[PDB]
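Participant: To start, I am sharing the structure in question, which I have written as structure tokens.
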Amino acid sequence: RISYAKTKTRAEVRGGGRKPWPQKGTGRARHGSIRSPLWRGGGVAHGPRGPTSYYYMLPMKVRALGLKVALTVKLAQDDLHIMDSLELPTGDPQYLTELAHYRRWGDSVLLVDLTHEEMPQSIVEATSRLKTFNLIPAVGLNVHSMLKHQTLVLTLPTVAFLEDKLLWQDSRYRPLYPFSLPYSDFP
Amino acid sequence: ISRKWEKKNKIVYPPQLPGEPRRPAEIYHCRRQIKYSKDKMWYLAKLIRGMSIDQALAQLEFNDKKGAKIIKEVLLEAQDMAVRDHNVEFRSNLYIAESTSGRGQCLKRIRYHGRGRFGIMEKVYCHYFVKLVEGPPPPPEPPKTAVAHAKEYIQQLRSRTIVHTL
Amino acid sequence: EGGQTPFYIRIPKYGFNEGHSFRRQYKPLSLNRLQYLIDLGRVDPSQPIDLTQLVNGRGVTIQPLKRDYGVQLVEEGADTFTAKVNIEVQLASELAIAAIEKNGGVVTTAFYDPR
Amino acid sequence: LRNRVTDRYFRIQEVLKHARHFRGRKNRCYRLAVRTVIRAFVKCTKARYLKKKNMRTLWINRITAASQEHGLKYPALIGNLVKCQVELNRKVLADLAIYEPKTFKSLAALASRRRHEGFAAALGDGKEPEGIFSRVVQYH
Amino acid sequence: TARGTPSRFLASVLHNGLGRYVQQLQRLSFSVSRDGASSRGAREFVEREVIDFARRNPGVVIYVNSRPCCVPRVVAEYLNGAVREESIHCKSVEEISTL
Amino acid sequence: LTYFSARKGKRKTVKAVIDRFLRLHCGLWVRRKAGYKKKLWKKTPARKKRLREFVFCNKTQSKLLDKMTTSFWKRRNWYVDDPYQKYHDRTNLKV
Amino acid sequence: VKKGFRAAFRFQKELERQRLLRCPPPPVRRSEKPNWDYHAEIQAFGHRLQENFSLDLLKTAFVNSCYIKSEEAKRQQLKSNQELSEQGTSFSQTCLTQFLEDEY
Amino acid sequence: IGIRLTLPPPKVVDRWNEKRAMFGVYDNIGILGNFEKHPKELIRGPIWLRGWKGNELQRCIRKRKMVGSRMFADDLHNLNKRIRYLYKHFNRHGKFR
RNA sequence: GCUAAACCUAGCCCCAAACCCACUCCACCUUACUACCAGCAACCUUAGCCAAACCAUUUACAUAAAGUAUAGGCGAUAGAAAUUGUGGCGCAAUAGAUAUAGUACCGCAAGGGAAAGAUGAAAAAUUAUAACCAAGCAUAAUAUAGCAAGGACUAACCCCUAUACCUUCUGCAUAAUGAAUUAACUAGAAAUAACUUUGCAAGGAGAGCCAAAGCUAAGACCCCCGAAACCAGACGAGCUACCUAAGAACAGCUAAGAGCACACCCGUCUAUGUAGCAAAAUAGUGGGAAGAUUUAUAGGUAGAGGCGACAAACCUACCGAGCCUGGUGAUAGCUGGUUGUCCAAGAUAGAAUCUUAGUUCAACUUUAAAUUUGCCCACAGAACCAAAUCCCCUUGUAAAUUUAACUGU
RNA sequence: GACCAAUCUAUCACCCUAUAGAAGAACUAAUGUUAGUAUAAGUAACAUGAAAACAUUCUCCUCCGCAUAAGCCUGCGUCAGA
Ligand SMILES: [Mg+2]
Ligand SMILES: [Mg+2]
Ligand SMILES: [Mg+2]
Ligand SMILES: [Mg+2]
Ligand SMILES: [Mg+2]
Ligand SMILES: [Mg+2]
Ligand SMILES: [Mg+2]
Ligand SMILES: [Mg+2]
Ligand SMILES: [Mg+2]
Ligand SMILES: [Mg+2]
Ligand SMILES: [Mg+2]
Ligand SMILES: [Mg+2]
Ligand SMILES: [Mg+2]
Ligand SMILES: [Mg+2]
Ligand SMILES: [Mg+2]
Ligand SMILES: [Mg+2]
Ligand SMILES: [Mg+2]
Ligand SMILES: [Mg+2]
Ligand SMILES: [Mg+2]
Ligand SMILES: [Mg+2]
Ligand SMILES: [Mg+2]
Ligand SMILES: [Mg+2]
Ligand SMILES: [Mg+2]
Ligand SMILES: [Mg+2]
Ligand SMILES: [Mg+2]
Ligand SMILES: [Mg+2]
Ligand SMILES: [Mg+2]
Ligand SMILES: [Mg+2]
Ligand SMILES: [Mg+2]
Ligand SMILES: [Mg+2]
Ligand SMILES: [Mg+2]
Ligand SMILES: [Mg+2]
Ligand SMILES: [Mg+2]
Ligand SMILES: [Mg+2]
Ligand SMILES: [Mg+2]
Ligand SMILES: [Mg+2]
């Protein structure tokens with residue numbers, strides 16, 4: 001999230017600078033520069049200055065633990081499901097919806113795959129015309145999407161990749177330099 | 001803005017039965033935007049409340065006041081509407097029941113004082129409402145005689161019970 | 001302090017951290033640490049114990065910055081030490097040098113420029 | 001504006017509901033109505049002890065008047081009533097004097113008898129009547 | 001605030017203390033919500049307390065609306081005609097039972 | 001003091017403290033008694049000996065000096081040969 | 001334009017209450033209200049007084065002649081309360097006379 | 001009176017929107033995508049900041065030293081005034097010292 | 001019910017992306033919207049407010065190195081490189097750009113600056129919604145007496161009670177300031193360090209920084225309005241002071257920078273006026289009225305300056321030095337204020353300070369924690385030139401020391 | 001220290017409520033600003049000479065009036081309604 005609200009302080013406001021009715025002159029309230037927060041149409045005393053940003057990173061191990069906890073919650077809650085190949089005999093959204101309703105899954109079934117290039121046209125067309133089911137690769141897995149949906153679906157390669165990438169976080173040495181480097185052991 | 005006195009003239013009651021009173025007909029009328037003050041209009045209204053329409057017009061025709069002619073014209077228009085629209089045979093059998101006078105939409109002008117100052121000069125506008133009920137006027141509440149005072153005192157002395165106990 | 005000579009001004013000066021921006025510094029390296037590293041697998045004694053091997057095994061995390069020009073040695077684990085391997089450390093004392101030599105090792109010293 | 005005030009009139013109504021019978025602007029203007037309600041609440045909370053004291057004084061005066069009508073005083077009557085193991089608060093005494101003149105007459109007679117017995121005892125130190133009505137009942 | 005509040009002398013509705021004792025409570029209408037986190041207490045009550053409360057005094061009939069409501073209310077009517085429409089928004093089972 | 005700089009937007013350390021004090025990892029500040037180099041002819045030998053010795057700082061003074069410094073000065077000091085090497089770490093303490 | 005919603009709902013409720021206070025409708029019979037029951041309510045009323053009696057007879061004792069006539073007239077587009085009421089008033093009068101003669 | 005009268009229309013809200021249904025997706029790509037792109041580069045916002053919290057004065061100095069070379073005259077003057085005021089209020093005015 | 005109350009859509013701020021506009025017809029540097037005829041034009045260290053409690057040298061215009069070196073009345077402070085690598089958790093006519101428009105209005109001038117509207121499918125719908133919601137009035141004027149309220153009372157008054165709020169200060173209705181209500185706007189942004197909880201551990205963090213149990217991440221803490229006053233350039237001699245060119249005025253009477261006296265110039269005094277005729281008026285008594293006289297027109301003298309028969313007077317109603325712009329949301333030991341409910345703990349010996357209206361330390365007080373002794377204590381002990389006081393076991397008790405915080409006195 | 005009126009965000013709600021993220025997050029006062037309205041107040045200030053057939057006549061005052069340089073731009077004539 002990146003805020004965008006920006007007000008106009010008394011200095012940035014257009015106009016103003018003179019001195020209406022001097023101090024000891026008129027019998028009115030003491031005033032200096034027009035457009036003050038005490039006037040109408042003036043500047044805001046305290047307010048949002050420029051577009052802020054509440055950005056802050058977290059440890060990768062914390063993220064891995066959160067993902068593991070989300071997986072355990074989706075599994076123990078009788079909501080996780082494992083498959084072999086996200087395919088369909090035709091590719092109609094009606095058929096998938098009827099199957100999900102008969103299997104007593106729920107309403108928001110979060111399907112997940114891997115690679116993103118090996119996606120079959122059937123499931124792609126079946127999911128590209130709905131508001132509850134969405135195809136997301138294993139690379140783009142988070143906790144928000146898992147908690148927003150009701151159930152979850154995975155496959156053998158997806159599960160293997162997730163397990164490998166979540167276990168690699170454990171039993172590792174210090175980063176030293178960013179992991180983006182080639183590294184010998186790490187692929 | 002809020003016009004309602006003119007809309008009250010369209011109230012419709014169900015058909016009365018033979019075994020029911022005559023129900024005196026009520027009248028409603030008022031003129032909007034009157035170049036005049038409100039205190040004098042309220043004075044005139046208070047002066048014309050318990051009197052009938054004939055006595056009201058007689059007193060207005062000899063009242064050295066600008067609003068007198070306006071009130072007379074308003075009463076004449078109300079009587080004409082009652083005799084024509086509201087369906088009323090007797091022209092003198094109408095008496096005043098309610099009469100008020102609220103301020104209107106005022107403007108603003110300058111007076112220019114004898115120095116580098118001034119003051120807001122509002123254009124005081126006012127209105128005038130009147131309610132004429134059918135039938136003769138009711139009698140004025142007479143003053144309670146000594147007998148009434150004695151009866152009230154006896155009632156107050158008899159309607160007293162012990163305090164701060166069972 | 002209201003106007004009087006503050007406490008941090010009444011004290012005279014002295015060459016405490018005068019040349020602190022150039023005094024060579026080295027991260028300590030204990031013999032017990034080397035034994036623990038050899039026991040845990042990392043930093044195998046079958047190859048020279050160069051600075052690259054120590055950095056890979058992550059036994060003494062140093063930093064190129066902070067006027068650091070290598071790693072020093074410590075005589076902590078003088079006893080219960082049995083490694084037998086050519087060790088390369090910038091600094092080294094006679095006690096630890098002998099402790100390493102009697103175990104069949106070869107102590108040496110070098111100098112690594114900043115770059 | 002940003003999340004400005006949107007629930008203010010209800011506070012004004014809740015503060016004015018306790019000022020629906022005041023004189024002047026105290027039943028319309030919120031500024032003065034706040035202070036009026038605060039003062040009213042403070043006085044209502046402080047007047048409990050005043051009410052208690054007023055009721056106590058009223059009962060004492062009623063009992064004194066009843067004793068005077070019967071031919072006795074309040075201090076001596078209370079003392080004689082306490083000197084007989086007949087503990088009775090002032091409320092019940094006033095209620096009896098109001099709705100039971102014979103009961104209060106008997107109580108005043110007993111009080112006068114106890115007074116006379118105590119006087120005779122103090123004069124002659126007993127030996128050995130000890131007052132037929134006196135002699136409290138011991139407990140254990 | 002007694003001067004600005006109506007008062008009433010202490011009295012009974014029918015002198016039930018003399019003869020038989022009649023329950024002054026008439027009926028009770030609960031407006032519980034099926035889907036909503038603002039009626040968990042009312043739901044738990046209607047589940048495992050309303051039956052016991054009704055069986056403890058058979059001289060009172062209770063209803064259960066169970067309609068899409070955002071705030072659970074309770075209508076406690078009486079013989080004389082008074083109505084005490086109270087709200088039980090977010091309240092423990094013990095609190096609702098005591099109320 | 002400068003809580004926020006004008007170029008980078010960070011804190012700033014008063015060099016006067018760094019020049020008149022010495023930081024230690026144990027959490028104490030070392031200083032030197034003033035007058036150790038002026039009017040030494042009129043001072044008795046005991047006074048001169050007491051003035052030529054280092055002195056520590058109080059809790060409030062140490063906290064003030066810390067506030068006047070940054071985290072960079074709290075780094076260790078593994079000098080090749082420094083007389084204050086056996087003082088950065090404090091041992092044997094029980095409240 | 002204030003961004004309030006709940007306050008608007010509360011104000012609308014207050015306005016509805018004020019309107020109800022303005023022209024209060026006539027008191028409609030409780031039987032026509034939504035939440036209402038007949039058999040359960042009759043059983044609760046019978047159990048409230050602490051006794052036991054038949055239900056059909058109690059139901060019949062509440063049916064009047066004018067009510068039956070109105071129902072028949074409406075249907076054109078269940079006995080009575082004569083003997084029962086007579087017996088009840090006779091027994092009540094006899095019991096009251098006996099009590100007044102025994103106590104006074 | 002401050003409170004309005006008539007209630008507002010039914011504020012329709014599509015909980016399953018294209019952005020809501022895909023909110024947070026493709027995030028955390030580093031911990032499992034063999035570390036190829038930092039999440040700080042996913043956010044779409046200003047160019048002078050894109051993964052650095054900072055503070056008001058710090059953000060202003062950043063915007064000045066990163067965009068001040070192509071900013072307008074009045075905008076640059078207002079930014080300089082704001083920076084100077086923030087500095088004068090932070091490094092002098094305040095509490096706890 | 002008169003007066004009133006609401007509508008929300010035109011448009012605004014942020015970057016995310018490209019680098020923009022610019023002669024149909026006549027007219028525009030002379031007096032701008034003027035068809036027409038013999039004469040030099042350019043390049044300039046910005047100052048200043050403010051902080052060091054004054055102030056002169058001083059004070060700002062991707063990441064890491066690093067807030068290091070270094071410079072600095074060596075004090076307040078300043079501070080580098082080598083190396084490194086196409087929508088809004090925005091605003092919805094007191095908000096949003098001042099904007100329906102840079103519109104009148106102040107104005108000779110630089111310069112400053114706001115609101116227009118509200119039901120909709122048919123206004124080429126006659127015809128009106130549902131009255132209800134603040135401030136001022138009518139429906140409906142008061143009926144012993146006294147902070148406008150309570151206990152009450154069968155009842156309004158009658159019975160008893162109590163000295164408006166906030167700020168200051170040892171002390172308040174005090175007669176110390178603030179206040180006519182209503183609707184809108186309006187005043188705590190975060191820091192080396194510290195406390196609590198997450199993850200890993202002699203390591204963690206998505207290079208850099210810290211390691212004799214440490215780091216990471218989150219949560220939690222640093223107000224507004226208010227002067228006098230300076231800098232640089234515009235605008236200002238159409239009124240006032242002076243100068244320049246060409247013009248105009250001065251009856252009559254007595255008889256010369258002569259005298260009285262018209263017009264005319266100024267106003268020594270009374271009275272009225274004091275929110276008036278006027279943000280400097282009305283009558284005579286007043287001095288002059290062929291001369292240092294007044295004035296119509298135009299041009300010149302502008303602030304560190306001009307002018308000045310010096311009044312340190314005037315320079316566009318306020319000149320011990322006129323206003324604007326940008327530094328200035330300047331500063332200020334100083335007046336004022338600093339918004340919902342409830343619980344608990346909560347009063348100080350003194351010292352320094354170009355200082356006693358302000359600041360620091362100490363002392364009092366608050367939070368989480370580790371330790372054991374905290375107070376009255378009994379024999380006794382504690383000086384040559386009266387009440388008293390210090391230590392003080394059993395004895396009543398449960399209080400005291402320290403660590404880490406930080407506001408308040 | 002324990003709660004909490006309003007809003008946007010992600011969650012079933014949906015006669016109006018819950019979990020976390022944000023404060024331009026909450027007015028009896030700052031001779032505070034904008035809009036209307038009480039208060040002195042219907043009090044201070046105020047004009048238009050008389051008769052009449054509205055043809056006309058009568059009473060009083062005048063250092064004022066005529067044209068123009070300076071200055072304004074249609075600013076008491078007709079037509080219809082205010
Ligand atoms: Mg400004
Ligand atoms: Mg503004
Ligand atoms: Mg000094
Ligand atoms: Mg007592
Ligand atoms: Mg300053
Ligand atoms: Mg200074
Ligand atoms: Mg470089
Ligand atoms: Mg606006
Ligand atoms: Mg605006
Ligand atoms: Mg009203
Ligand atoms: Mg009162
Ligand atoms: Mg206060
Ligand atoms: Mg104060
Ligand atoms: Mg004092
Ligand atoms: Mg006073
Ligand atoms: Mg530790
Ligand atoms: Mg001139
Ligand atoms: Mg002169
Ligand atoms: Mg004189
Ligand atoms: Mg005067
Ligand atoms: Mg002279
Ligand atoms: Mg003369
Ligand atoms: Mg002459
Ligand atoms: Mg000036
Ligand atoms: Mg200013
Ligand atoms: Mg200020
Ligand atoms: Mg001072
Ligand atoms: Mg004051
Ligand atoms: Mg406020
Ligand atoms: Mg307490
Ligand atoms: Mg000094
Ligand atoms: Mg308000
Ligand atoms: Mg005042
Ligand atoms: Mg105010
Ligand atoms: Mg008056
Ligand atoms: Mg006249």
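Letters A, B, ... mark the chains of the structure tokens in the order given; residue numbers begin at 1 per chain; ligand numbers begin at 1, in order shown.
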If the limit is 9 Å from any atom of ligand 30, counting only C-alpha atoms (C1' of nucleotides) and all ligand atoms, which residues qualify? Return them as a PyMOL selection string.

Facilitator: chain I and resi 344-346

Participant: Output C-alpha atoms (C1' of nucleotides) of each residue in that selection to a file, as a PDB file, in the first residue's frame.

Facilitator:
ATOM      1  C1'   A I 344      -4.982   2.904  40.555  1.00  0.00           C
ATOM      2  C1'   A I 345      -0.187   5.379  42.324  1.00  0.00           C
ATOM      3  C1'   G I 346       0.536  10.219  42.805  1.00  0.00           C
TER       4        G I 346
END

Participant: If you count only C-alpha atoms (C1' of nucleotides) and all ligand atoms, which residues end up within 12 Å of ligand 20, as a count of residues only?

Facilitator: 4

Participant: Tell me which protein, DNA and RNA residues are within 9 Å of residue F:23, counting only C-alpha atoms (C1' of nucleotides), leaving out same-chain ones fewer than 4 positions away, and put them as a VMD selection string.

Facilitator: chain F and resid 18 27 to 30 66 73 to 74 88

Participant: If you keep C-alpha atoms, can you produce a file of those selected residues as a short mmCIF file (atom, residue, chain, number, x, y, z; two decimals), in the first residue's frame?

Facilitator:
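Output file out.cif is given in full below:
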data_model
loop_
_atom_site.label_atom_id
_atom_site.label_comp_id
_atom_site.auth_asym_id
_atom_site.auth_seq_id
_atom_site.Cartn_x
_atom_site.Cartn_y
_atom_site.Cartn_z
CA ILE F 18 34.52 11.41 21.16
CA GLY F 27 28.92 0.06 29.01
CA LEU F 28 31.17 2.51 30.90
CA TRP F 29 32.72 5.80 29.80
CA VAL F 30 36.34 6.63 30.64
CA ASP F 66 25.51 7.43 24.56
CA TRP F 73 30.92 3.87 18.13
CA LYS F 74 29.55 0.83 20.02
CA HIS F 88 35.72 -4.16 26.94
#

Participant: For the alpha helix (DSSP H) assignment from backbone DSSP, which residues of chain C qualify? Please present them as an MDAnalysis selection string.

Facilitator: chainID C and resid 7:10 31:39 51:57 94:101

Participant: With only C-alpha atoms (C1' of nucleotides) as the basis for distance, which of I:223, I:77, I:1, I:339 is at the shortest distance from residue I:139?

Facilitator: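 Ranking I:223, I:77, I:1, I:339 by distance to residue I:139, first place goes to I:1.
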
Participant: Taking only C-alpha atoms (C1' of nucleotides) into account, report as a ChimeraX atom specification which residues of chain J lie within 7 Å of chain G.

Facilitator: /J:6-7,16

Participant: Filtering to N, CA and C atoms (P, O5', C5', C4', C3', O3' and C1' of nucleotides), could you give me those residues as a PDB file, in the first residue's frame?

Facilitator:
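Below is the file that was written, selection24.pdb:
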ATOM      1  P     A J   6     -20.407   3.869  15.160  1.00  0.00           P
ATOM      2  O5'   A J   6     -19.664   5.038  14.374  1.00  0.00           O
ATOM      3  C5'   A J   6     -20.372   6.189  13.935  1.00  0.00           C
ATOM      4  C4'   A J   6     -19.613   6.940  12.870  1.00  0.00           C
ATOM      5  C3'   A J   6     -18.878   6.093  11.844  1.00  0.00           C
ATOM      6  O3'   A J   6     -19.734   5.589  10.833  1.00  0.00           O
ATOM      7  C1'   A J   6     -17.481   7.865  12.575  1.00  0.00           C
ATOM      8  P     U J   7     -19.379   4.216  10.076  1.00  0.00           P
ATOM      9  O5'   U J   7     -18.273   4.637   9.012  1.00  0.00           O
ATOM     10  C5'   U J   7     -18.524   5.670   8.070  1.00  0.00           C
ATOM     11  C4'   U J   7     -17.249   6.158   7.430  1.00  0.00           C
ATOM     12  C3'   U J   7     -16.471   5.129   6.623  1.00  0.00           C
ATOM     13  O3'   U J   7     -16.985   4.958   5.313  1.00  0.00           O
ATOM     14  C1'   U J   7     -14.992   6.281   8.061  1.00  0.00           C
ATOM     15  P     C J  16     -31.271  -4.146  13.214  1.00  0.00           P
ATOM     16  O5'   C J  16     -29.715  -3.831  13.340  1.00  0.00           O
ATOM     17  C5'   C J  16     -29.234  -2.491  13.346  1.00  0.00           C
ATOM     18  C4'   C J  16     -27.731  -2.441  13.218  1.00  0.00           C
ATOM     19  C3'   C J  16     -27.116  -1.045  13.302  1.00  0.00           C
ATOM     20  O3'   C J  16     -25.841  -1.117  13.941  1.00  0.00           O
ATOM     21  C1'   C J  16     -26.590  -2.010  11.211  1.00  0.00           C
TER      22        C J  16
END

Participant: Pull the strand (DSSP E or B) assignments for chain B out of DSSP run on the backbone, and list those residues as a ChimeraX atom specification.

Facilitator: /B:26,29-34,52,94-100,103,109-110,120-121,126-134

Participant: If you count only C-alpha atoms (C1' of nucleotides), which residues fall within 9 Å of stretch 72-81 of chain H, apart from same-chain ones fewer than 6 positions away, as a PDB file with C-alpha atoms (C1' of nucleotides), in the first residue's frame?

Facilitator:
ATOM      1  CA  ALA A  11       2.717  28.027   3.562  1.00  0.00           C
ATOM      2  CA  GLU A  12       1.938  26.060   0.390  1.00  0.00           C
TER       3      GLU A  12
ATOM      4  CA  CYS H  60      11.315  14.759   1.335  1.00  0.00           C
ATOM      5  CA  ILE H  61      15.115  14.786   1.023  1.00  0.00           C
ATOM      6  CA  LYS H  63      12.272  13.189  -3.436  1.00  0.00           C
ATOM      7  CA  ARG H  64      14.434  16.319  -3.681  1.00  0.00           C
TER       8      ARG H  64
ATOM      9  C1'   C I  61      19.327  23.786  -1.716  1.00  0.00           C
TER      10        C I  61
END

Participant: Counting only C-alpha atoms, which residues of chain D come no farther than 12 Å from chain G, as a VMD selection string?

Facilitator: chain D and resid 1 to 11 13

Participant: How would you write, as a list in words, the set of residues no farther than 9 Å from ligand 5 when counting only C-alpha atoms (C1' of nucleotides) and all ligand atoms?

Facilitator: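 Those residues are residues 88 and 92 of chain H; 49, 50, 51, 330, 331 and 332 of chain I.
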
Participant: Residues of chain I that have any atom at most 12 Å from an atom of ligand 3: could you tabulate them with the shortest-distance atom pair and the distance in Å to one decimal, using only C-alpha atoms (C1' of nucleotides) and all ligand atoms, ordered by chain and increasing number, as a tab-separated table?

Facilitator:
residue	atom	partner	partner_atom_place_in_ligand_line	distance
I:53	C1'	ligand 3	1 (Mg)	10.5
I:54	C1'	ligand 3	1 (Mg)	11.9
I:352	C1'	ligand 3	1 (Mg)	10.4
I:353	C1'	ligand 3	1 (Mg)	6.9
I:354	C1'	ligand 3	1 (Mg)	6.1
I:355	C1'	ligand 3	1 (Mg)	9.2

Participant: Using only C-alpha atoms (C1' of nucleotides) and all ligand atoms, which protein or nucleic acid residues are at most 8 Å from ligand 34, as a PDB file with C-alpha atoms (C1' of nucleotides), in the first residue's frame?

Facilitator:
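Below is the file that was written, out.pdb:
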ATOM      1  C1'   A I 179     -17.542  33.841  26.143  1.00  0.00           C
TER       2        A I 179
ATOM      3  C1'   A J  29     -14.315  28.339  25.761  1.00  0.00           C
ATOM      4  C1'   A J  30      -8.264  29.670  22.304  1.00  0.00           C
ATOM      5  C1'   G J  32     -10.597  31.848  16.784  1.00  0.00           C
TER       6        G J  32
END

Participant: Can I get the residues close to ligand 26 as a PyMOL selection string, where close means within 8 Å and we count only C-alpha atoms (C1' of nucleotides) and all ligand atoms?

Facilitator: chain I and resi 225-226+329+331

Participant: Select the residues contacting ligand 17 at a distance of at most 8 Å, based on only C-alpha atoms (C1' of nucleotides) and all ligand atoms, then format the selection as a list in words.

Facilitator: residues 237, 238 and 239 of chain I
